[PDB]
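Quick heads-up: it's one chain on its own, the form deposited in one PDB entry, in structure tokens.
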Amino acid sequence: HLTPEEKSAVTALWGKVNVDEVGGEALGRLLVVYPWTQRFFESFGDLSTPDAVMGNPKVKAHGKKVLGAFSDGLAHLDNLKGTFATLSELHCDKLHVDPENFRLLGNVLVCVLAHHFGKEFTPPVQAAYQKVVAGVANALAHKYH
């Protein structure tokens, strides 16, 4: 549930997001800031230090696919539960990820958008994006309810 002037500031800012780098940036920071999430990603290789994680080609690659799911959710903010049905099944039944972790990735994304966009990432813009990342987090966690 976004207002017309919220949805227009969310869609406006996203168009300027370097879709290649931000995704890997968001996934790399989660693994470094909350180190328990590394056990889900053992096959990605060396996550021993912050320089090993950020410069890890499989992390950088996997980041594009996460951001690419965030890009599809915006397009369909009126049917997130649907958009994210297949990913809900994957994360909850196959992988067994605690839904507290979905919220942490959403929050780490917000800190990264802030890092790149600076003073253009205004308190009212952030309140609009905090609505999006919660709505994503809930949609992903549906198979647990």
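The numbering used is simple: start at 1 and walk along the sequence shown. By rigid core we mean the largest C-alpha set that fits within 1.5 Å across both forms. Only residues modelled in both forms are compared.
Participant: Out of 48-56 and 27-35, which one has CA B-factors that are higher on average in the deposited record?
Facilitator: Averaged over C-alpha atoms, the B-factors run higher in 48-56.
Participant: When the C-alpha temperature factors are averaged for each of 63-71 and 98-106, which stretch ends up with the higher value in the entry?
Facilitator: The stretch with the larger mean CA B-factor is 63-71.
Participant: By the recorded C-alpha temperature factor, relative to the other modelled residues in its chain, which third is residue 122 in?
Facilitator: Tercile = highest for this residue's CA B-factor.
Participant: Would you mind ranking residue 115 by its C-alpha B-factor against the rest of the chain and naming the third, lowest, middle or highest?
Facilitator: Residue 115: CA B-factor falls in the middle third of its chain.
Participant: For residue 19, does the deposited CA B-factor place it in the lowest, middle or highest third of the chain?
Facilitator: Answer is highest: the recorded C-alpha B-factor places it there.
Participant: Place residue 85 in the lowest, middle or highest third of its chain's C-alpha B-factors, as listed in the PDB entry.
Facilitator: Its C-alpha B-factor, which the entry lists for residue 85, ranks in the middle third among residues of this chain.
The following text describes the form deposited in another entry, which does not appear among the structures shown.
Participant: Shifts of 2 Å or more in the Cα, rigid core superposed between the shown form and the other one, apply to only one of 93, 42, 78, 51; name it.
Facilitator: Per the superposition, the moving residue is 78.
Participant: If I superpose the two forms on their rigid core, does the C-alpha of residue 69 end up displaced by 2 Å or more between the shown form and the other one?
Facilitator: True for residue 69: a C-alpha shift of 2 Å or more.
Participant: Your call: residue 15 and residue 81 CA atoms, closer or farther in the other form versus the shown structure, by 3 Å or more?
Facilitator: Closer, not farther.
Participant: Closer or farther: how do the CA atoms of residue 75 and residue 105 lie in the other form, compared with the form shown, if the change is at least 3 Å?
Facilitator: Relative to this form, closer in the other form.
Participant: With the two forms aligned on the rigid core, where do runs of 3 or more residues move by 2 angstroms or more at the CA atoms between the shown form and the other one?
Facilitator: CA shift run, sole hit: 68-82.
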